[PDB]
């Protein structure tokens, strides 16, 4: 019907990938063996969107785990929800790219591309009618950023009707690991401004700042942020899986959000995040829930909307919940503010609602934001590409495999096309 | 910050101008009805006719 | 033999049709799985003792049809009638018009053919839809155009949810609403409309109900449709055939968009204390609150007014209260309509749904107004479209899926002609 | 009926939160063991 | 050491992690009514919004 | 078909109608559920309830009254009391924010959000009338809603309706024992907006009913529930001639032309003569003559005002029970020819007598007894000009040092409105003195 074939890339993907199928499978009542032990018959009617049925009534996900050091596949297979995949799908190389885009794009990665498309094209032909794909990855390294730009532009080559959606961790400079994160990130958008056209923006700096104020956590391990990431990639395709009082699938959210075809970088955020000490005293109604979607600290991308102006807003709700409190509450926020929300878009809110909440909650929601303040995240990573590239600090690590000095400049103003296009609409 | 404070004071003055005009229009409409009814009554003139 | 064929298209269509067909099935003595432990206006009969509705359900997203196909009405319909696409229209007039609906328009028209050959005295179709979505604009436009050029001069009535001023869920809703109004301006006999924001206000105010869902609206729309079509099933003092609205309400062939309301919308805890006589309910129809479409009533003058009374009603009460309404000279009727009204009466009182909220009232009125007031809604629905189309927002998807840039413009002018036509027939 | 359902759901969530509290006390005692 | 009153601080650290509550939100509040009913929504600046109760002689728009 | 619209206002108006409407559900056979019981519902020969109660098609009776205040805690004891389902729920208007004992708060600030709303529920109740005999305002000269909003209703009812009777019942602030300090600012500022727009207004002190209870009813420490039974008996006796037929039937429209000699002297004071505790009713005969001689006493008034210092302009005696009218006319000749009871020398006729057949009833728990006949005197004596020489002095001391005026000028009122409504009672203190003078 409306299926999606999942794909991963790199270490930063598989930790979000293996946390994803710990969440989707627990929403469908599926054991790590794969056989169904649920409670409602409604949990299995649209299980064919992500999964596939083997013999014996066992279900296999439609996912391919891609990396370039075989220690990463041993990390995920040995995990709790990790033996579920068909073992003919862990496609990897052996000689690591090693935070080198030019390896993962030109020389090392392209040795493996003819293999990885076969497991892509066999799980997509098993489908009857495609809707799209998924890539979970980052934009800091070279094993997953540069293969990720390979693996999209050679998958638009084949299935360019069906709408593809990637989910990208964009690297902040305030909490950074490697030195050359400008050199991989500011040019990897050259094939993500064009080829996916559905891409989300998650910052590791803002993912910490959720975890100090709202959650108020002491020790945030990397297994709890991917909890927070995989519970909002799930929410944007719950209408596509579960029945809705007013629903909107994946393609419907594209045609109503993006005003012009190169502005598709989003601002996700989960609604009812609350701490374990202040959980009981907190009210759970709908005007309380819109108190928390439109914050500046419950936003997973490290850019502040009040330094910009909103283009459009979606908010996919969940639960058994009324419909005047959806609609009249979000007219209210649009009316009382009226300055961030633009003119010449006379309604700046889209909405939707399912019937089934996430497991263990009375009601939740998922906020999607499309803001014009995201151009300060592109400004603050290209200025750090002015500094290192004037005196040519690190270009020899990637140019032993062949890129002249202007292919970085060609994809500089191709990225700096995108800064000004938010400016002209503000 | 200082220019936004200037516009806040501007819109407060505009608000009090419209509030004064609401008061004057309410008094005018009530006094117009009061002076308009005073000869005769309503619909009993029709029944008597 | 006053048979009508009902097609529900759009999610608004099928979710209204759920409440409509539970209301019609409880109207007669039909138990809901089909059997029975006058009904030939909407139901065919098979000699095992089974009743089959004259209904075709269609959407291009399978889950909203499949919940009907699995739920408690699975044995009501011949299960080929629940038509279902593969890929959703994705809120896209071009996709539901030019690209996606070309796989399913043939199936729905052939099942319409088989039902109209099952029928024998055919009178009209009831097409249930909205002005919000791709399959609620484009597929309905193709359906109406093909049924007009195929069946002839038979009454294709359409029922429309209307886009409110400050209430919408989409962003691009002026675009597809002005497009479906342009291309369905010609081949629908009449188009009733309702406003969700006004039903929200009535649900807050008259019925004492806070936070209403969509079932609490679709029950009211079911009561409206049943009060329209009680005349064909049950006979009364002054019956009104369904063709009579075409020569009655609309004066010029672009003005076929009348409004409606239904006056004793009242909960049990207040209707236990209040009596509701005929003069009371027909005076109560004309409040600016108790209408069902948001237009300011007092800024417009009335053209015609078709009242439908249901239950115990004596005709002199009607004929006195009508002149009582007329003589006030603030309810401005146009100076080229001295007749004013058109009234019908049926004997069988309004019924009650299980799990319901409208109180059982002995008599009820549904009034069909034709006002001049809706020029403000057409002014604002042209204005929002004009605000977005100054700099080409959201257009490139629809132009990649099948219209050039000029067809939005010619629909803009072919809709603005209607707003000039109201000032023409107003002055 | 709706009131009974809502009270039952509230009791289920409070039981789950007590389970979370006991799990975190166990983990802190494990850290004290690691000291 | 018969009695012991030590200054505990576990709740103070537990609440003061991450900085105090400062409100960062878009402006949301409803201007409420004056008449107490579930119906009869009357504010100062949006008066005449009530249920016009049923009248035998004349409708509401011609008072 | 005759009718009254008993519109209340104020927190001392809802507590009067609680004890007023329980009397009218007992005069008729009406249950608190509203439906008539089984014995009277087959014949249906009685249509005496149409003055006050409506009648729906399903056989339920809903009274004609709207309850108004800005304090939401005395209406919310009606929506949970015994009379929960009698009143129509759209006729109990109730505001969130208070009035808080300021006239100017209850005329200009708060009351404008309810002046439109209550004038739609009034228009329902007065629309069923073939003929409206008259309204019945129950208010108080004490505080915000009962004194401020009442003046806002008077300037909007008469503009709406016009030459239609509107009787008024009102407490009057006591000489010595009152319960407020801002109170004389109100009672001078509510008479001035009632001198034009009220056809008649009765006068009652709660202090004089505190005196009759220690004296006649033989009750020590009376509560506020026992003040609203006495007032509730009078408003029965005024309106009983509409409902139950009589020998000398006297309607409401009869009074307002038959008590006022000059058109700003509409402040008559009233009394109820046979109030006897049920012990002493076993001891005392209660004839028709001796309960006429017991209205003109120096002790059975209801305003603290002894009319020995004044001349009686007129009386309007209304009788109820079993009376025969040879024996009424024997007693009125005694009171005219008695020397002390002063009559103004431009009224040689003097009186107005009314007769009705229904005996007064007994509410269960009421301290009053079942007495075979009862009267209700109505007079506007000259002596009431004494009582304004007490209240208008109490306005003058406070306004000399300008005490308490800063809440009023800040709550939407101009400072000049105390000056013009002070000079206005500098005429009415003289206007009684010109007509009490003997003829020249």
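Which chain is which? They are A, B, C, D, E and F, in the order written, and residues in each are numbered from 1.
One rule holds in what follows: a contact is a pair of C-beta atoms (placed from the backbone, for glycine too) under 8 Å apart; a residue touches a chain by one contact, two chains touch by 3 or more.
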Completion exercise
Co-neighbours of chain A and chain B resolve to none
Problem - Pair of chains ranked first by number of touching C-beta pairs - result: A-C
Practice task
Using mean Cα positions, find the chain sitting nearest the overall protein centre.
Solution key: E
Exercise for the section: Compute the distance, rounded to whole Å, between the mean C-alpha positions of chain B and chain F. Expected result: 35
Problem - Approximate Å spacing (C-alpha centroids) for the pair chain D, chain E - result: 30
Fill in the blank from the handout: Among all residues of chain A, those touching at least two other chains are none
Practice task
Pull out every residue in chain C that's touching 2 or more other chains.
Solution key: 204, 274, 277
Handout entry: Every chain pair meeting the contact rule
Key = A-C, A-D, A-E, B-F, C-E, C-F, E-F
Handout entry: For the chain C and chain F complex, residues of the former touching the latter
Key = 269-270, 272-275, 277, 362
Handout entry: chain F to chain C touching residues, read off their complex
Key = 56-58, 60, 62, 85, 88-90
Completion exercise
The residues of chain A that touch chain E in their complex are 212-213, 216, 218, 277, 287, 290-291, 294-297, 329, 332-333, 336-337, 340
Exercise for the section: Spell out the residues on chain E that touch chain A in their complex, using ranges where they run on. Expected result: 14-15, 17-19, 24-30
Handout entry: For the chain F and chain B complex, residues of the former touching the latter
Key = 159, 162-163
